[PDB]
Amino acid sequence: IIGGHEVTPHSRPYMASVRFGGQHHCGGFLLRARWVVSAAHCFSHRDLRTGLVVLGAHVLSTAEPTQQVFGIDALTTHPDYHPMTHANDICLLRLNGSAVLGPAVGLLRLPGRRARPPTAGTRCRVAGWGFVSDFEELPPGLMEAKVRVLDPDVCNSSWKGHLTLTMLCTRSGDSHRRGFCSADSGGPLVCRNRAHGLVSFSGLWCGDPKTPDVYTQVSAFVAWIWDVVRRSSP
């Protein structure tokens, strides 16, 4: 996260860390005790057996007593996920057990089934353990930035017409670069206490307004998300 601040330890109990080969690789959120929502691009060319989901974390390099580590029993990539364009960049993680919900491990609500995406100017927050600068500097813990939803046409223009109808954009509230960075992928964009976005892709320079922050528009996937959950439920 660039242009953000370190959250109070465990103040966002919904945050997940997807680890590959012991290292943090992506973010995500706890939808249900055993369900994690993330970005499909995070698992592209990766052995699911080397994957771990950590919940209840603040400092990833610390074996925190609030941390709960789970394996991935199933990965469900969106059927229409196109890696080149980043279209339908969403996936669901069914863990090899259920998280014990507490003050450090919680759930995040999806937008409604009949809910529209937020309008330009809507204040949102993005969190993660991704880089804090363009010099691959690591955060002291789970960071969070204050962003504002950016007009879809202004964004699509900046992106040379490469945005899909199911993608939203953010900008900073001021003159400082604020947004996500490498390894914040999959982690949610929280608008009005709902996961409206999902970290997808940026430019070369983290938080650069010339190459705005692209998130997966979550409201479009609410129906799919519950369909996949129900399918593997008793």
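So that there is no doubt, residue numbering starts at 1 and follows the sequence shown.
- For the pair 71-79 and 107-115, the record assigns the higher mean C-alpha temperature factor to 107-115.
- The mean C-alpha temperature factor is higher for 146-154 when 87-95 and 146-154 are set side by side.
- Set against one another, the Cα B-factors of 195, 199, 59, 36 in the record reach their highest point at 59.
- When the C-alpha B factors of 178, 41, 32, 45 are read from the deposited coordinates, the top value falls at 45.
- When the modelled residues of the chain are ordered by their C-alpha B factor, residue 185 lands in the lowest third.
- Among all modelled residues in this chain, the alpha-carbon of residue 132 has a temperature factor (C-alpha) in the lowest third.
- In the PDB entry, a CA B factor belonging to the middle third of its chain's modelled residues is recorded for residue 11.
- Ranked by C-alpha B-factor against the other modelled residues of its chain, residue 169 falls in the middle third.
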